[PDB]
K.L.:
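What follows is a structure written as structure tokens; I'll ask about it next.
Sequence lines set the chain letters: A, B, ... in the order given, protein chains first and strands last, and positions in each chain run from 1. Values reported hereafter were calculated over all heavy atoms of this structure, with side chains retained and with hydrogens, waters and symmetry mates removed.
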There are 2 protein chains.
Amino acid sequence: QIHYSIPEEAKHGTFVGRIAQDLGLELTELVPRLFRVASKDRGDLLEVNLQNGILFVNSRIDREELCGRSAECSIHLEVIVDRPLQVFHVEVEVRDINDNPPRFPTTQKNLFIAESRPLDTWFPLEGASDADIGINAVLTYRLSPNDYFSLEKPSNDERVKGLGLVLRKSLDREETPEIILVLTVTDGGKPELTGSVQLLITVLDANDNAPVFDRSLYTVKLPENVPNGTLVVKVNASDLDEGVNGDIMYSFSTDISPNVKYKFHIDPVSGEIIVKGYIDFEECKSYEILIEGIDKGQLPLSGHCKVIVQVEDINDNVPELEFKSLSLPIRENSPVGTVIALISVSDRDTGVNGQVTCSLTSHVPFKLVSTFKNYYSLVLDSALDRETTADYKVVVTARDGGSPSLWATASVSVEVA
Amino acid sequence: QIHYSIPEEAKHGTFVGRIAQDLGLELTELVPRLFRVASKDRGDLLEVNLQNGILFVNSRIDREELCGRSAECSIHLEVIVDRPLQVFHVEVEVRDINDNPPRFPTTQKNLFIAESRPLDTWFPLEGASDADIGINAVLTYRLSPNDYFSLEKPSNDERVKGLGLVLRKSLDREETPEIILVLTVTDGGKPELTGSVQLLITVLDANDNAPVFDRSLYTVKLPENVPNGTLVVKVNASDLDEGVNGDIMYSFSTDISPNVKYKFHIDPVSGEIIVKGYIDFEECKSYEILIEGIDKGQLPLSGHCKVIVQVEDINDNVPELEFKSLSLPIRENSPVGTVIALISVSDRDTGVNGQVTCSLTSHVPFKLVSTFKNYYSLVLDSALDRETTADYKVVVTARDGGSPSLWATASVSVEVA
Ligand SMILES: *[C@@H]1O[C@H](CO)[C@@H](O)[C@H](O)[C@H]1NC(C)=O
Ligand SMILES: *[C@@H]1O[C@H](CO)[C@@H](O)[C@H](O)[C@H]1NC(C)=O
Ligand SMILES: *[C@H]1O[C@H](CO)[C@@H](O)[C@H](O)[C@@H]1O
Ligand SMILES: *[C@H]1O[C@H](CO)[C@@H](O)[C@H](O)[C@@H]1O
Ligand SMILES: *[C@H]1O[C@H](CO)[C@@H](O)[C@H](O)[C@@H]1O
Ligand SMILES: *[C@H]1O[C@H](CO)[C@@H](O)[C@H](O)[C@@H]1O
Ligand SMILES: *[C@H]1O[C@H](CO)[C@@H](O)[C@H](O)[C@@H]1O
Ligand SMILES: *[C@H]1O[C@H](CO)[C@@H](O)[C@H](O)[C@@H]1O
Ligand SMILES: [Ca+2]
Ligand SMILES: [Ca+2]
Ligand SMILES: [Ca+2]
Ligand SMILES: [Ca+2]
Ligand SMILES: [Ca+2]
Ligand SMILES: [Ca+2]
Ligand SMILES: [Ca+2]
Ligand SMILES: [Ca+2]
Ligand SMILES: [Ca+2]
Ligand SMILES: [Ca+2]
Ligand SMILES: [Ca+2]
Ligand SMILES: [Ca+2]
Ligand SMILES: [Ca+2]
Ligand SMILES: [Ca+2]
Ligand SMILES: [Ca+2]
Ligand SMILES: [Ca+2]
Ligand SMILES: [Ca+2]
Ligand SMILES: [Ca+2]
């Protein structure tokens, strides 16, 4: 056993060692004895010049093609001489040379990371492989200086495995749709060789945003007895998420009043609220409708808006007349100033639509006077004469100030005693 | 017009006012003239005693049953006397009394709020209604002193509407499944009346938790050529979410080596990895398998574990013999120590499974000697005699140290010159 040592990938004709002398042989002895050198399994990697007895590198010695991922590598040369036939053994180690760079399976990698992913959670990032063995194979990793993600180098200790790509900062798809990272790797053996990777990460859309109405409060005015289907309002809502997490369906809140839910209808898609049932100002002066906009995600989110509608009074109620008192038949002796009947007037409407004025036929001695708001007394004006006219027919007309106006009458047969 | 003023719900016989004197009438004048008092639309709410000329409360005067939600309330009494017939008008206002408490539509309310709901977002909380009007109707709200939610009282200003139930602290379904709030409301008018509500809020399950393996690293040892289907490992993963967000499907990572993906199979449900293809120690010493556990939510989350398996070498390779040199035919003159053939031995296995010893038939003059590791030279021992035996048959047996062991032979016909 005689041991030599050379680095791989050596230049053609590299001095391995004077094999003749080291085997105790002499120069004039080499040629006649047919000094031969053979390899075990490889081939013509090493050759011997007989004139100087020098063992040298014959062909390209690629270490990784021989031992591969093995730590120890050595070419075994058997040496044969004849007359007499002697056999010697020389083993020459092949030291590793850092002539291969750290390579990744993919130069660019599309990663898909969810927006809902918790912090302090790492994603399996592929590591680079190296053909070399030893310090030349010791890999050092480096992440691009970005704020969203951090890197954690693997350790030898058990219960901890995998190249670390750790979350420490929150992520939002709407703010930044894609993040581009760069992973650089350098071996430990000099000269240094590098490897780069362009990680293209597209953050997935999570349903973490609720729909939002342009106006948080809508105020519309609606007349009375407007036909069903009349466009009350048109609402618009928006949502930052995409897909079914972005599409919005409209509805009335579950806390809505039954009468309100029966008086109005809302298009789930259009968001336009229209009149459904009869609307009376004298029944309800206004309505306060809560509107819910809800997306179509797995876990639905809801936004809300308040739509208050003030009903507007129209003159649609005919005035009411009522004789509350009577003093009939009236004596002929009755002086000027006596009261015959007390009149009461009402109007269900409001404002000028409910402001009623009263009049009467002028062919009657009696007079009409306002004693109080919406109250009249039919007072005898001028004198009478029983035999001339023993009877009268007092028609009283009540008329509101609406535009247009409604009117009602009330007659009374006034007999004279 | 003569005006009086009384609080509602007055005791029977409550002094409203001396109506006779205030109308300028006299006591002895009331009875003969049939002093009468009537209401406009209500009825026998007020009555007059003629002996003292006193107007008083006759029956129960419930304000809210009269004017309702109206601000102004007043009973209109028309007064009639006869001989001569005169008509007077007295209006008596009915002031509001805080005799009705703030009432909610529901004493207890099941609210359903998502775990994914953003902060600073309020949920529509129903308000209480009150029959009274004025300061007695001014409502003050109060939320139970809880940490998760806060309350925001409604304002008169537009663009701001709805009873505020504001999120300011994060919410987690797994930590606290339900939160119970208490809403208390007090009117502004004295005496104070209250209203309580038990809000039962059940936070909905969001898919915000990734599955987690009990062990982040599994290390198993597997022999060689073990039949396909052999249980390599059994992995367990857990997840805090419920439903389809909790169920976990197992698989091999997308970055797995093709050979590894073809050599092993993993049950998506059971999580048990078994042998699929042939496994050779001489081809691959070990495997590093990344295992992904992914839930079945709308936005899937994935946990990962590393399962490394070290293959164990078995003695399944028969030793190799090789005659690398020959000096036949051997001269009879050849002395003791001459070399006939050089022998080389190999074994693809490792350890004692690859430790080969050599022997030979003892009925042969020649000798076997170790020159180097796995190398033998067939050296002539003792002397010869051409005419006696002109030929030989040297059988050499190589045998590894495995348990059990494998062996191979190599014979050579040694002719003597
Ligand atoms: C609603 O969405 C946005 C406003 O947020 C606007 O661009 C769009 O035109 C609106 N659609 C309608 C129908 O008004
Ligand atoms: C896996 O889930 C838990 C451990 O996290 C355990 O209670 C359960 O029994 C395990 N199941 C199996 C089949 O090992
Ligand atoms: C009021 O008076 C008119 C005329 O007399 C009637 O036609 C009407 O029906 C109401 O009685
Ligand atoms: C008004 O109408 C009534 C009938 O409703 C008559 O009786 C009265 O004389 C006046 O014409
Ligand atoms: C008023 O009207 C009535 C209607 O019949 C008469 O009967 C009465 O005499 C007076 O003319
Ligand atoms: C080694 O030698 C044995 C005995 O001669 C043979 O049977 C075998 O095939 C191998 O050649
Ligand atoms: C071993 O076997 C060979 C044939 O393979 C013979 O030629 C030899 O003589 C020895 O018997
Ligand atoms: C070794 O074996 C061979 C087998 O044929 C013979 O031919 C030779 O003479 C010697 O005996
Ligand atoms: Ca190389
Ligand atoms: Ca190398
Ligand atoms: Ca290298
Ligand atoms: Ca989103
Ligand atoms: Ca978002
Ligand atoms: Ca959404
Ligand atoms: Ca009306
Ligand atoms: Ca009217
Ligand atoms: Ca009206
Ligand atoms: Ca009351
Ligand atoms: Ca009251
Ligand atoms: Ca009250
Ligand atoms: Ca959850
Ligand atoms: Ca959770
Ligand atoms: Ca989950
Ligand atoms: Ca094997
Ligand atoms: Ca073996
Ligand atoms: Ca083996």
K.L.:
Main chain of B:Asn58, side chain of B:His12: is a donor-acceptor contact present, judged purely on distance under 3.5 Å?
P.N.:
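Checked: pair present.
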
K.L.:
Quick one: which of B:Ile6, B:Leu23, B:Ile19 gives a side chain to side chain contact (heavy atoms under 4.5 Å, CB included) with B:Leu55?
P.N.:
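Of all the options given, the one that passes is B:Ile19.
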
K.L.:
Quickly, which of A:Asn315, A:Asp400, A:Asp313 forms a side-chain hydrogen bond (donor to acceptor under 3.5 Å, both in side chains) with A:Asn353? Name it, please.
P.N.:
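Answer after filtering A:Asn315, A:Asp400, A:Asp313: A:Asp313.
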
K.L.:
Quick check: do A:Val379 and A:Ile340 have side-chain heavy atoms less than 4.5 Å from each other?
P.N.:
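Not touching, per the 4.5 Å side-chain cut-off.
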
K.L.:
Applying disulfide (SG to SG under 2.5 Å), name anything that partners B:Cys73, two or more places apart in sequence or on another chain.
P.N.:
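With neighbours one apart ignored, the set is B:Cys67.
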
K.L.:
Is there a donor-acceptor contact under 3.5 Å from the side chain of B:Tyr141 to the main chain of B:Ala128?
P.N.:
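Looks like yes, one N/O pair under 3.5 Å.
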
K.L.:
Kindly write out the residues that satisfy salt bridge (charged side-chain N to carboxylate O under 4.0 Å, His left out) with B:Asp62, not counting sequence neighbours, or none if the list is empty.
P.N.:
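Counting only residues at least two positions away or on another chain, B:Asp62 forms a salt bridge (charged side-chain N to carboxylate O under 4.0 Å, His left out) with B:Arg60.
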
K.L.:
Who passes side chain to side chain donor-acceptor pair (under 3.5 Å) against A:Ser411, sequence neighbours left out?
P.N.:
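With neighbours one apart ignored, the set is empty.
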
K.L.:
Would you please name every residue forming a side chain to side chain donor-acceptor pair (under 3.5 Å) with A:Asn317, sequence neighbours left out?
P.N.:
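A:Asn317 satisfies side chain to side chain donor-acceptor pair (under 3.5 Å) with A:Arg348, A:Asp349 only.
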
K.L.:
Salt bridge (charged side-chain N to carboxylate O under 4.0 Å, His left out) with B:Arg18: which residues, sequence neighbours excluded?
P.N.:
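With neighbours one apart ignored, the set is empty.
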
K.L.:
Anything under 30° is parallel, anything over 60° is perpendicular, the rest tilted; go ahead and classify B:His3 against A:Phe372.
P.N.:
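Correct class here is perpendicular.
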
K.L.:
Looking at side-chain heavy atoms only, is the closest gap between B:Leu193 and B:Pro102 below 4.5 Å?
P.N.:
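They are in contact (side-chain heavy atoms under 4.5 Å apart), so the answer is yes.
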
K.L.:
For residues 21-30 of chain B, which residue pairs qualify under salt bridge (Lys or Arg N to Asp or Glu O under 4.0 Å), counting only residues two or more places apart or in two chains?
P.N.:
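Found B:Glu29-B:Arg33.
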
K.L.:
Compare every heavy atom of A:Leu290 with every heavy atom of A:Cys305, then report the nearest pair and how far apart it is.
P.N.:
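Shortest heavy-atom contact: O-CD2, 3.4 Å.
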
K.L.:
Step through the shown structure and confirm whether more than 12 heavy atoms of other residues, nucleotides or ligands are within 6.0 Å of NZ on B:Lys109.
P.N.:
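Yes.
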
K.L.:
If the condition is ring pair (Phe, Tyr, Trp, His ring centres under 6.0 Å), which residues does B:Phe56 pass it with, not counting sequence neighbours?
P.N.:
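Partners of B:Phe56 under the ring pair (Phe, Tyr, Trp, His ring centres under 6.0 Å) test: none.
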
K.L.:
Excluding sequence neighbours, so at least two apart, what forms side chain to side chain donor-acceptor pair (under 3.5 Å) with B:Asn52?
P.N.:
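If we apply the side chain to side chain donor-acceptor pair (under 3.5 Å) test to B:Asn52, skipping adjacent residues, the hits are B:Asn49.
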
K.L.:
If you define the side chain from C-beta out and look only at heavy atoms, does anything of B:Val16 sit under 4.5 Å from B:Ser5?
P.N.:
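No, their side chains stay 4.5 Å or more apart.
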
K.L.:
With a 3.5 Å distance limit and no angle check, can you tell me whether B:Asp82 reaches the backbone of B:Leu85 through a side-chain donor-acceptor pair?
P.N.:
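No, because the side chain of B:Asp82 does not come within donor-acceptor range (under 3.5 Å) of the backbone of B:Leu85.
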
K.L.:
Below 30° counts as parallel, above 60° as perpendicular, anything between as tilted: where do the rings of A:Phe264 and A:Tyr287 land?
P.N.:
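Taking A:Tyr287 first and then A:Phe264, their aromatic rings stand perpendicular (interplane angle over 60°).
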
K.L.:
Please check: side-chain N/O of A:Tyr250 versus main-chain N/O of A:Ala237, any donor-acceptor pairing under 3.5 Å?
P.N.:
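Looks like yes, one N/O pair under 3.5 Å.
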
K.L.:
Run the side chain to side chain donor-acceptor pair (under 3.5 Å) test against B:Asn98 and tell me which residues pass, sequence neighbours left out.
P.N.:
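B:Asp187.
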
K.L.:
Do the side chains of B:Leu27 and B:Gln21 get nearer than 4.5 Å, heavy atoms only?
P.N.:
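Yes, at least one pair of side-chain atoms sits under 4.5 Å.
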
K.L.:
For atom CD of B:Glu93, decide whether the heavy atoms of other residues, nucleotides or ligands shown that lie under 6.0 angstrom number more than 12.
P.N.:
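Counting other residues, nucleotides and ligands, CD of B:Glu93 exceeds 12 neighbours.
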
K.L.:
Ignoring hydrogens and geometry, is there a side-chain-to-backbone donor-acceptor pair from B:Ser144 to B:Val182 under 3.5 Å?
P.N.:
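At least one qualifying donor-acceptor pair exists.
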
K.L.:
Measure across A:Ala341 and A:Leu326 and return the closest heavy-atom pair with its distance rounded to 0.1 Å.
P.N.:
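So the minimum-distance heavy-atom pair works out to CB-CD2, 3.8 Å.
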
K.L.:
Report the residues that fulfil salt bridge (charged side-chain N to carboxylate O under 4.0 Å, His left out) with B:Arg63, sequence neighbours left out, ordered by chain and then residue number.
P.N.:
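By the salt bridge (charged side-chain N to carboxylate O under 4.0 Å, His left out) rule, B:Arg63 matches B:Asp96.
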
K.L.:
Testing B:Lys40, B:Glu91, B:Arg95 one by one against B:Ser74 for a side-chain hydrogen bond (donor to acceptor under 3.5 Å, both in side chains), which residue passes?
P.N.:
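Among the candidates, only B:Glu91 passes.
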
K.L.:
Are A:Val336 and A:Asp381 close enough that some pair of their side-chain heavy atoms sits under 4.5 Å apart?
P.N.:
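A:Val336 reaches A:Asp381 side chain to side chain.
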
K.L.:
Looking at residues at least two apart in the chain, or sitting in another chain, which of them share a side chain to side chain contact (heavy atoms under 4.5 Å, CB included) with B:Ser59?
P.N.:
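In terms of side chain to side chain contact (heavy atoms under 4.5 Å, CB included), with neighbours along the sequence ignored, B:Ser59 is linked to B:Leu45.
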
K.L.:
Okay, side chain of A:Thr219, backbone of A:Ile308: is any donor-acceptor separation there less than 3.5 Å?
P.N.:
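The answer is no, because no donor-acceptor pair under 3.5 Å joins these two groups.
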
K.L.:
Do B:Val79 and B:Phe35 come within less than 4.5 Å of each other through their side chains, counting heavy atoms only?
P.N.:
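When only atoms from C-beta onward are counted, B:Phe35 and B:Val79 do touch, with a gap below 4.5 Å.
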
K.L.:
Can you list the steps and then say if B:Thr107 with B:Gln198 is a side-chain hydrogen bond (donor to acceptor under 3.5 Å, both in side chains)?
P.N.:
CA-CA 6 Å; B:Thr107 176; B:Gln198 183 181 7; over 6 Å; no

K.L.:
Among A:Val414, A:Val364, A:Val339, A:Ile330, exactly one meets side chain to side chain contact (heavy atoms under 4.5 Å, CB included) together with A:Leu380. Which residue is that?
P.N.:
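With A:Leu380 as partner, A:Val414, A:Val364, A:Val339, A:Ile330 yield a single side chain to side chain contact (heavy atoms under 4.5 Å, CB included), made by A:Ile330.
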
K.L.:
Under the salt bridge (charged side-chain N to carboxylate O under 4.0 Å, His left out) rule, collect the residues that match up with A:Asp347, sequence neighbours excluded.
P.N.:
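Expected list: none.
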
